[PDB]
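This report concerns only the one structure given below.
Protein chains: 4
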Amino acid sequence: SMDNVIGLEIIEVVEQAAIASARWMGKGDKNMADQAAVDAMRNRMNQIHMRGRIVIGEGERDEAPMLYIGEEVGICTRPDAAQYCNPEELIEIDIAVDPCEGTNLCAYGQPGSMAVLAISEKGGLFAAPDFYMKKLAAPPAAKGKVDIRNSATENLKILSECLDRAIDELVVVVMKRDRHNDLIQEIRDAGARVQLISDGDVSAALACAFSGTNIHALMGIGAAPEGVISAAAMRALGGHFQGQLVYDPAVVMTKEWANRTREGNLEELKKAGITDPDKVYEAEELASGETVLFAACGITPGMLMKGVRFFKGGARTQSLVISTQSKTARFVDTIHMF
Amino acid sequence: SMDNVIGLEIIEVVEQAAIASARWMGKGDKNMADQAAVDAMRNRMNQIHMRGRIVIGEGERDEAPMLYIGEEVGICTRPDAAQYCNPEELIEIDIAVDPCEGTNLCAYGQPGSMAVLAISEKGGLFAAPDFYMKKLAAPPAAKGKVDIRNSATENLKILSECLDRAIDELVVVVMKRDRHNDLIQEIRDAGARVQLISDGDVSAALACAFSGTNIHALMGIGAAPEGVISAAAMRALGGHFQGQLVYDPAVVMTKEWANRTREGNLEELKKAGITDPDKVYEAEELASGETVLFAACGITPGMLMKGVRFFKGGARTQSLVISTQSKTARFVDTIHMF
Amino acid sequence: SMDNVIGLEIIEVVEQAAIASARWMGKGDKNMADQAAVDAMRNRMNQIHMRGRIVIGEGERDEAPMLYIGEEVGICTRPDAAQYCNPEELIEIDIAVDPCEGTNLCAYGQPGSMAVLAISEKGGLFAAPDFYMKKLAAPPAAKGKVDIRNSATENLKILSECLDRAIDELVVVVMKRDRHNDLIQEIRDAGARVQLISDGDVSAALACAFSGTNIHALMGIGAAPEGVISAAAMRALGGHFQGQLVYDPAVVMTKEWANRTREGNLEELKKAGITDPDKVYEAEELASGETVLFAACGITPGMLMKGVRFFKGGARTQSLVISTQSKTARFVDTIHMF
Amino acid sequence: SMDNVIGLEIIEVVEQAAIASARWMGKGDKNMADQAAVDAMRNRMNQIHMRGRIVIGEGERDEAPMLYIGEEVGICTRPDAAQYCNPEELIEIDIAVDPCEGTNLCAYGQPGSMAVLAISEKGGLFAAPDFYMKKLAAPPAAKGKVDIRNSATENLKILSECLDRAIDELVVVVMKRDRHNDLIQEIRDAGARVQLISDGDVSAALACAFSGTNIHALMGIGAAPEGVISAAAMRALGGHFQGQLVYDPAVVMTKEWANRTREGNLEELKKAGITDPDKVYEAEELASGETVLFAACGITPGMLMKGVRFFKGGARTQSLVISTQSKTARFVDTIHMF
Ligand SMILES: O=P(O)(O)OC[C@@H]1O[C@](O)(CO)[C@@H](O)[C@H](O)[C@@H]1O
Ligand SMILES: O=P(O)(O)OC[C@@H]1O[C@](O)(CO)[C@@H](O)[C@H](O)[C@@H]1O
Ligand SMILES: O=P(O)(O)OC[C@@H]1O[C@](O)(CO)[C@@H](O)[C@H](O)[C@@H]1O
Ligand SMILES: O=P(O)(O)OC[C@@H]1O[C@](O)(CO)[C@@H](O)[C@H](O)[C@@H]1O
Ligand SMILES: [Mg+2]
Ligand SMILES: [Mg+2]
Ligand SMILES: [Mg+2]
Ligand SMILES: [Mg+2]
Ligand SMILES: [Mg+2]
Ligand SMILES: [Mg+2]
Ligand SMILES: [Mg+2]
Ligand SMILES: [Mg+2]
Ligand SMILES: [Mg+2]
Ligand SMILES: [Mg+2]
Ligand SMILES: [Mg+2]
Ligand SMILES: [Mg+2]
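Residue numbers (the entry's author numbering), protein chains in the order written: chain A, 0 to 337; chain B, 0 to 337; chain C, 0 to 337; chain D, 0 to 337.
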């Protein structure tokens with residue numbers, strides 16, 4: 000089992016990433032917001048005595064200079080780590096990062112943006128390809144009771160019984176996208192409510208795990224790697240999560256896949272060594288390791304954490320850190336003095 | 000001076016309006032959200048022993064069946080009120096309402112929606128016409144120091160000195176509209192931040208009055224009647240507010256004014272008995288009465304109040320009620336049992 | 000049914016009483032703390048259009064110049080009230096007050112002090128004599144399941160099942176008094192915890208009604224009139240409360256009853272028209288009216304409300320107001336400007 | 000400079016100590032409450048890779064089996080630490096502990112109890128003898144403006160100007176002890192307020208450093224080692240603290256010093272190598288090292304942190320951790336699952 004110290008240091012990782020990204024809040028520059036976050040997250044991780052590999056991040060080493068897929072992070076990745084690192088610290092771990100989950104939200108001062116990461120031992124986090132993903136997220140009472148393969152209407156009926164709430168008081172977060180017109184209409188027809196977001200379905204899935212938030216499920220199609228980070232959260236909190244890769248451009252209806260074809264995408268999946276493109280992944284398959292760590296820090300306001308607030312001489316952050324190793328859910332409000 | 004009891008009853012007015020509107024949260028129906036709110040606000044006001052006239056509301060008596068301009072509300076508007084009402088309760092008062100400020104926000108589960116009203120004695124609230132309005136809102140330290148007639152860049156410079164904050168840490172809420180491209184760019188060029196909202200500039204202006212919110216000013220062009228409600232808030236809290244009517248379709252660039260002309264609009268202003276179309280209105284001119292009451296209750300989450308939350312058997316509301324008569328700012332968290 | 004307006008005005012009654020009492024916080028003068036509270040509560044009640052009679056208060060008209068038993072309060076107690084008051088406002092109501100519950104706590108800066116009152120229609124609040132009272136208070140899950148006639152050990156066993164908590168994690172508030180040595184020891188022997196208070200068993204009983212407080216029951220012997228105010232709270236919140244008068248000086252062991260005898264006290268009870276001195280009163284017997292109102296405002300910090308905080312130019316209060324008529328539990332945080 | 004990791008691990012040290020001590024909350028056993036705390040604090044510290052020496056603790060090695068003065072704590076105190084520890088981790092540091100500050104408060108369910116520690120590099124924390132100590136604590140605005148050598152009346156006058164508050168709204172915490180009759184009376188005579196506590200003057204001094212608490216100074220005579228822990232807090236937060244040893248039994252008036260004499264105590268001070276018994280120690284002299292760490296976790300409720308709350312399957316803690324090395328003040332709310 001990995002070093003317990005890591006579950007503490009990641010507090011500072013998401014804090015520093017959030018602070019740096021928040022420096023570009025409402026500046027209208029999604030690139031600078033991402034770059035500051037990515038830079039601050041990496042540098043803080045590279046001060047941890049850990050032996051880490053990025054398995055979800057900014058993109059392939061070609062497509063992304065920093066926190067690329069397969070990048071080594073932590074002091075103990077160094078060739079002579081045996082001089083600086085305990086056996087414990089030498090344990091290999093996989094890391095999924097999203098330094099600024101919802102860069103558009105941070106750029107235009109929109110709620111829902113977070114610095115987020117997940118950690119497990121090697122092989123313990125699914126290395127999702129850069130694909131879309133059908134997601135179903137729901138609270139702990141609903142775990143294994145709802146199912147991604149059910150209709151939205153059936154899932155709401157089940158969720159209603161699980162949470163002991165009328166169906167017309169269930170709140171489903173759905174991403175505002177042309178791909179979701181039918182889904183959205185269905186939820187309405189069922190009698191439930193639809194909370195539309197422009198970006199940031201990770202803070203959405205995470206809200207499902209907590210009572211107090213007025214969020215009871217996430218439905219629809221999001222980005223796959225972000226799905227894995229959400230799954231890691233749910234596994235740690237005992238909430239429901241399932242994901243299924245989406246590869247057909249006719250389903251997702253975006254400009255990103257305007258010059259993509261279903262078959263071309265299928266072959267890309269084969270190249271990734273994915274043999275079952277239609278597979279439904281349980282939370283325990285997406286985050287499958289012995290130990291799961293999850294950390295988040297608010298950039299703009301969300302339902303669980305406030306955004307970063309600056310003041311003369313400093314900043315104030317709110318963070319959520321979850322460890323299956325220490326069995327703790329830890330809310331952290333930090334005043335940073337500059 | 001009006002009955003002190005009114006400053007208490009309006010707690011229940013905005014609560015009931017918010018609850019009713021929240022029943023349509025995320026239902027995708029901006030009409031039902033408005034109608035429930037309007038209906039619940041009016042009925043709760045009609046149980047108050049007050050002699051009220053609506054001066055800002057849903058529209059003219061022709062254009063709006065409920066809470067129309069000039070509608071009488073309160074038990075003491077009845078012809079035989081002298082049998083039911085104290086002299087005190089017989090005092091004539093003017094009321095500005097927005098039962099669901101940001102109906103689109105409530106319909107699609109977006110932050111920033113509130114049930115809101117303002118009250119003063121007769122003649123004490125400007126009866127704004129259904130026009131656009133250039134608005135400048137800012138915290139109490141900035142009152143009378145910034146000015147609507149200044150450039151955004153000069154106003155930020157001044158605001159910087161007032162709040163003792165670097166300019167690059169000032170947050171200006173601006174409505175996302177084509178009319179604001181130049182304004183938005185200017186604020187960026189100045190070095191400050193722009194928080195874009197899709198609707199709801201009343202909760203924006205109100206956030207300016209409170210430290211803790213990360214909102215330091217509102218700039219740009221909004222709707223005039225909503226401006227008056229915001230001015231009433233600021234006058235009560237001692238925050239800055241100024242408004243100036245906008246009448247030229249080339250400036251506002253909307254489909255609502257696509258078949259409108261500058262001159263046609265100017266003549267409409269004359270018909271309203273407005274002789275100076277270019278007048279800058281101080282907060283004290285928009286809300287000019289001896290006594291000002293202001294009440295708000297969150298429908299969806301904002302920076303000051305949570306949205307309405309429903310649970311098995313009830314709902315929970317958060318409200319803000321301000322009285323220059325009792326000199327109180329009153330935050331109210333209510334659990335309603337059904 | 001009484002005027003709904005009263006359930007709003009009492010917010011201001013407990014606020015004003017608390018503020019006035021808080022002016023003597025930590026001044027070491029339990030008399031001034033009481034007198035300011037009593038004075039401020041009465042004056043604010045005398046501005047309500049209600050027809051009230053004090054049935055629990057500072058003492059008999061001889062023993063207490065202000066808020067004495069049988070004193071008339073409210074504008075509609077006046078002989079010519081028919082000129083000022085609606086039929087509704089003319090309804091007769093009984094009021095129980097404790098303007099400063101725990102004057103010693105306020106005098107020495109101790110937690111647990113509150114301004115508190117309860118209202119019902121005439122005959123609806125038991126007019127307890129100035130006697131001690133065995134009390135059992137417990138949360139809603141425990142209502143009618145525990146019983147004052149059971150041993151503390153049996154009641155803890157039952158409470159354990161009701162709240163789904165180990166017995167060694169139940170917290171019983173008990174007053175630190177020689178009369179409770181055996182009771183206290185019993186609770187320990189049972190395995191549970193004892194939270195000792197020096198004064199103020201009303202805020203204790205009220206804490207039992209709320210999850211979040213770490214208080215799960217009140218046991219032991221307190222003052223009877225304060226018991227009735229607590230019962231009114233519980234009936235409104237659906238929590239458990241029972242009371243039984245204690246009249247035997249050998250049981251209570253105080254200096255107040257050093258020159259009292261069991262038989263002399265029994266005869267005093269007869270004079271009050273109490274025929275069953277050993278009667279166990281249900282919550283519904285102590286507060287038996289159709290409508291129950293309950294209001295509290297913190298003077299020093301408690302588990303539900305902060306104490307009054309003063310600042311340059313004003314004060315900040317926190318209040319709890321409960322109405323079976325509007326079916327609302329209402330937490331109120333007020334900033335008062337002077 | 001010491002390992003930054005230590006400023007994170009101490010979060011868990013005070014949490015574990017608090018949880019263990021809270022298991023005896025309201026059990027009436029000040030010994031078990033202390034022993035659980037002491038045991039849990041030591042064991043959690045002995046899992047940190049640090050090279051620590053206890054300089055303030057349970058007592059001398061003879062008088063106290065656990066966390067005694069001079070005890071080595073941390074993995075890097077081991078003779079072969081060079082095999083397990085970085086140079087950084089091998090740095091010598093001094094630690095002051097109070098695993099349960101106010102054991103009486105925890106035993107009887109009283110507010111004000113905390114698990115607390117302070118850390119600096121070797122020589123950086125004054126090794127106070129087991130003596131009483133005159134203390135003056137006050138907020139940052141008052142730092143170096145008030146003075147322990149002034150009368151309480153002069154200090155209040157100065158504090159009044161510093162905080163911009165009327166003197167009659169200043170709150171001085173003073174310990175309820177016969178030794179303080181004259182002090183207490185003086186503060187009243189000055190016009191200010193006295194908040195009496197039975198134990199726990201560390202949480203009192205710490206409250207002075209924060210606005211929001213209604214505590215503006217600590218005055219009077221407390222225990223010396225606890226004074227040093229408080230000084231460490233103030234130095235980190237920039238609040239005022241001064242201490243002066245009290246050695247004369249006629250001044251302190253306790254049973255602990257009933258068979259002590261002034262001269263006997265003076266000679267004890269000489270044996271400790273203290274040459275100036277009348278010395279006034281600045282905060283920077285009591286906590287004089289380059290780096291200061293301070294950690295606290297609530298056991299029973301205080302003004303900054305809630306006490307430990309238990310629930311079916313776990314506990315919830317609130318902690319405050321301050322580091323001059325990371326320049327952070329960090330509030331931590333942790334849900335522990337068992
Ligand atoms: O290609 P589109 O239509 O934008 O959808 C991808 C979106 O990217 C985010 O919103 C942000 O990275 C992310 O939170 C979601 O996973 C979402 O699906
Ligand atoms: O005509 P558009 O371009 O929509 O602008 C009017 C908008 O209406 C609201 O957003 C909502 O009623 C309101 O909060 C604002 O005043 C705003 O200006
Ligand atoms: O006669 P004692 O031994 O003091 O007991 C009476 C006490 O009075 C209060 O503590 C305060 O009025 C009150 O909250 C309680 O009812 C308590 O019993
Ligand atoms: O000898 P007494 O009269 O008890 O005074 C010592 C007290 O011990 C504590 O209250 C608790 O350890 C501690 O918080 C204080 O320092 C206090 O002075
Ligand atoms: Mg990216
Ligand atoms: Mg991403
Ligand atoms: Mg996108
Ligand atoms: Mg409308
Ligand atoms: Mg409107
Ligand atoms: Mg519009
Ligand atoms: Mg009394
Ligand atoms: Mg009393
Ligand atoms: Mg007494
Ligand atoms: Mg000890
Ligand atoms: Mg101690
Ligand atoms: Mg002692």
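For every residue, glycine included, the Cβ atom is placed at its ideal position computed from N, Cα and C.
Nearest CB-CB separation between residue 282/D and chain A: not below the 8 Å threshold. About 4 Å separates the beta carbons of residue 328/A and residue 334/D, which is inside the 8 Å limit, making them a contact pair. The beta-bridge partner set that DSSP reports for residue 296/D consists of 114/D, 318/D.
Between ligand 3 and residue 222/C, a heavy atom-to-CB distance of less than 7 Å is present.
The CB of residue 308/C comes closer than 7 Å to the CB of 213 in chain D, given here in chain order. Nearest to residue 291/D by C-alpha distance, out of 196/D, 93/D, 8/D, is 93/D. Neighbourhood of residue 330/A in chain D, by CB distance below 7 Å: 332, in chain order.
In the displayed model, residue 4/A falls within coil according to three-state DSSP, outside both helix and strand. When secondary structure is reduced to three states using DSSP, residue 290/D falls in the coil class, being assigned neither helix nor strand. With respect to the 8 Å criterion, residue 250/C and residue 218/C are not classified as neighbours on the basis of their beta carbons. With respect to chain A, the C-beta atom of residue 205/B has no partner C-beta closer than 8 Å.
Sequence-distant partners of residue 169/C (beyond 5 residues in either direction) whose C-beta falls short of 8 Å from its own C-beta, in its chain, are 155, 158, 159, 162, 191, 192, 215, 216. Within chain A, the residues 110 have their CB atoms less than 7 Å from the CB of residue 110/B, given in chain order. With its beta carbon at least 8 Å from every one in chain B, residue 324/A lies outside the interface. Taking residue 112/A as reference, the option from 282/A, 322/A, 25/A with the minimal CA-CA separation is 25/A. Taking the CA atoms as reference points, residue 70/D sits about 10 Å from residue 41/D. Residues of chain A whose Cβ lies closer than 9 Å to the Cβ of residue 7/D are, in chain order, 4, 7, 8, 10, 11.
Residue 28/C and residue 296/A have their alpha carbons spaced roughly 49 Å apart. Taking 7 Å as the upper bound on Cβ-Cβ separation, chain A lies near residues 163, 164, 168, 170 of the region 150-183 of chain B. Listed along the chain, the chain A residues whose CB falls inside 9 Å of the CB of residue 145/B amount to none; the nearest CB is some 19 Å away.
In the DSSP annotation of this structure, residue 77/B is not part of any alpha helix (DSSP H), being labelled neither H nor E. Measuring C-alpha to C-alpha distances from residue 7/C to each of 337/C, 326/C, 97/C identifies 326/C as the nearest.
Residue contact with chain D for residue 194/C: present (Cβ-Cβ distance below 8 Å to some residue of chain D). Beta-bridge partners assigned by DSSP to residue 212/D: 210/D. Residue 298/A is positioned such that its CB atom lies closer than 8 Å to that of residue 114/A. The Cβ-Cβ distance between residue 101/D and residue 198/D falls below 8 Å.
Here residue 99/A has 20, 32, 33, 36, 105, 112, 114, 298 as same chain residues with Cβ atoms under 7 Å from its own Cβ, once five neighbours each way along the sequence are excluded.
Here residue 196/D carries a strand assignment [DSSP, helix/strand/coil].
Taken in chain order, the members of the region 17-49 of chain D whose beta-carbon sits within less than 8 Å of a beta-carbon on chain C are 24, 25, 26, 27. DSSP, read as helix, strand or coil, puts residue 178/B in helix.
Residue 323/C counts as buried, since at least 16 other C-beta atoms from the protein chains shown sit within 10 angstroms of its C-beta. The DSSP-derived three-state label of residue 160/C is helix. Segment contact: the region 119-134 of chain B against the region 44-61 of chain B, three or more CB-CB distances shorter than 8 Å; contact assigned. For residue 32/D, there is no enclosing beta strand (DSSP E); the enclosing alpha helix (DSSP H) covers residues 29-44.
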